[PDB]
Amino acid sequence: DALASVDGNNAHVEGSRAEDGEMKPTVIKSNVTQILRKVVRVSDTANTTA
Amino acid sequence: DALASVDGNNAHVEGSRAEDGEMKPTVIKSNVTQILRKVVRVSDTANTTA
Amino acid sequence: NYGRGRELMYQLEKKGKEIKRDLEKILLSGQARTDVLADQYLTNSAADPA
C-alpha cells in the first residue's frame with residue numbers, strides 16, 4: 001500500500017458539508033517458485049574399488 | 001516597528017529650530033488560519049469482511 | 001393506542017417479519033444471481049482493480 005499524495009491546496013470552510021473524500025486500494029505482488037535438480041549416476045563397477 | 005534608515009547627513013546648525021513632525025504609521029502583520037479536512041466513508045459490509 | 005404501544009416498536013416488529021417472507025420468496029425464486037461479476041469472482045481484473 002501507499003499513502004495518498006500530499007494533495008495540497010485542500011482548503012475548506014469552517015462549517016460546511018463533509019465531502020465524500022477519496023481513497024486508494026492496495027496493490028498485489030506475486031511470484032512463483034523455481035525447481036532445482038541434480039543427478040548422480042554411479043555404477044557398481046566403478047563403486048567397487050577404493 | 002523597526003527603526004528608521006540611518007541619516008548620514010544628520011548635520012544641523014547651532015541655533016536652528018527643529019523641523020516638521022515625524023508621523024509614522026503602526027504597520028501590523030497579520031495572517032489567517034486554514035482548515036484541513038480528511039474524509040473517509042467505508043460501507044459497513046466492507047467493515048465485516050476479513 | 002388501544003391494541004399496541006408506540007407506533008415505532010410495533011412497525012419494527014412488522015418489518016422483522018416481512019423481511020423473512022421476502023427472504024423465503026427470494027431463496028425459492030428463479031433469479032439468475034444478477035451481479036456485476038459473472039464468473040469473475042476469482043477471475044476478476046488483475047492486481048489493478050480496473
# chains A, B, ... in the order shown; residues from 1 in each chain; ligands from 1
>>> calpha_fit_rmsd(fixed="chain A", moving="chain B")
2.2 Å
>>> residues_around(residues="residue 23 in chain A", least_positions_apart="4", cutoff="9 Å", atoms="only C-alpha atoms", output="PyMOL selection string")
(chain A and resi 4) or (chain B and resi 40-41)
>>> write_last_selection(atoms="N, CA, C and O atoms", output="PDB file, in the first residue's frame")
ATOM      1  N   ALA A   4      -1.944   8.227   0.132  1.00  0.00           N
ATOM      2  CA  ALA A   4      -2.329   9.102  -0.962  1.00  0.00           C
ATOM      3  C   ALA A   4      -1.352  10.268  -1.079  1.00  0.00           C
ATOM      4  O   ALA A   4      -0.610  10.593  -0.146  1.00  0.00           O
TER       5      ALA A   4
ATOM      6  N   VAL B  40     -13.397  10.100   5.141  1.00  0.00           N
ATOM      7  CA  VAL B  40     -13.292   8.697   4.757  1.00  0.00           C
ATOM      8  C   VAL B  40     -14.626   8.014   5.019  1.00  0.00           C
ATOM      9  O   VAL B  40     -15.102   7.965   6.159  1.00  0.00           O
ATOM     10  N   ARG B  41     -15.243   7.487   3.964  1.00  0.00           N
ATOM     11  CA  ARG B  41     -16.528   6.803   4.053  1.00  0.00           C
ATOM     12  C   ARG B  41     -16.355   5.379   3.550  1.00  0.00           C
ATOM     13  O   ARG B  41     -16.013   5.166   2.382  1.00  0.00           O
TER      14      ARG B  41
END
>>> residues_around(residues="range 34-36 of chain B", least_positions_apart="6", cutoff="12 Å", atoms="only C-alpha atoms", output="PyMOL selection string")
chain A and resi 6-16+18
>>> write_last_selection(atoms="N, CA and C atoms", output="compact mmCIF listing (two decimals), in the first residue's frame")
# COMPACT_ATOMS: atom_id res chain seq x y z
N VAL A 6 0.17 14.07 -1.35
CA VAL A 6 0.01 15.18 -0.42
C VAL A 6 -1.32 15.89 -0.66
N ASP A 7 -1.68 16.08 -1.92
CA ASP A 7 -2.93 16.73 -2.29
C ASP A 7 -3.08 18.06 -1.55
N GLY A 8 -2.14 18.96 -1.81
CA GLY A 8 -2.16 20.27 -1.20
C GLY A 8 -3.36 21.08 -1.64
N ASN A 9 -3.34 22.38 -1.35
CA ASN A 9 -4.43 23.29 -1.69
C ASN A 9 -5.78 22.65 -1.39
N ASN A 10 -5.91 22.15 -0.17
CA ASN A 10 -7.11 21.46 0.29
C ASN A 10 -7.88 22.30 1.30
N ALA A 11 -7.93 23.61 1.08
CA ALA A 11 -8.64 24.50 1.98
C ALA A 11 -10.13 24.19 1.97
N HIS A 12 -10.78 24.38 3.12
CA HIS A 12 -12.20 24.12 3.28
C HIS A 12 -12.82 25.25 4.10
N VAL A 13 -14.12 25.16 4.31
CA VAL A 13 -14.87 26.14 5.09
C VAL A 13 -14.97 25.65 6.52
N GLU A 14 -15.08 26.60 7.46
CA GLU A 14 -15.18 26.23 8.87
C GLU A 14 -16.40 25.35 9.11
N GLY A 15 -17.55 25.76 8.57
CA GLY A 15 -18.76 24.96 8.65
C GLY A 15 -19.35 24.72 7.28
N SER A 16 -19.38 23.47 6.85
CA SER A 16 -19.90 23.11 5.53
C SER A 16 -20.09 21.60 5.50
N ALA A 18 -19.32 17.81 4.71
CA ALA A 18 -18.12 16.98 4.62
C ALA A 18 -18.19 16.17 3.34
>>> closest_atom_pairs(of="chain C", to="chain A", cutoff="10 Å", atoms="only C-alpha atoms", output="Markdown table")
| residue | atom | partner | partner_atom | distance |
| --- | --- | --- | --- | --- |
| C:46 | CA | A:28 | CA | 8.9 |
| C:47 | CA | A:28 | CA | 5.3 |
| C:48 | CA | A:27 | CA | 6.8 |
| C:49 | CA | A:25 | CA | 8.3 |
>>> closest_residue(among="A:22, A:32, A:47, A:5", to="chain B", atoms="only C-alpha atoms")
A:22
>>> select_by_dssp(residues="chain C", states="alpha helix (DSSP H)", output="list in words")
residues 9, 10, 11, 12, 13, 14, 15, 16, 17, 18, 19, 20, 21, 22, 23, 24, 25, 26 and 27 of chain C
>>> closest_residue(among="B:2, B:39, B:45, B:17", to="chain A", atoms="only C-alpha atoms")
B:39
>>> closest_residue(among="A:37, A:42, A:19, A:3", to="chain B", atoms="only C-alpha atoms")
A:19
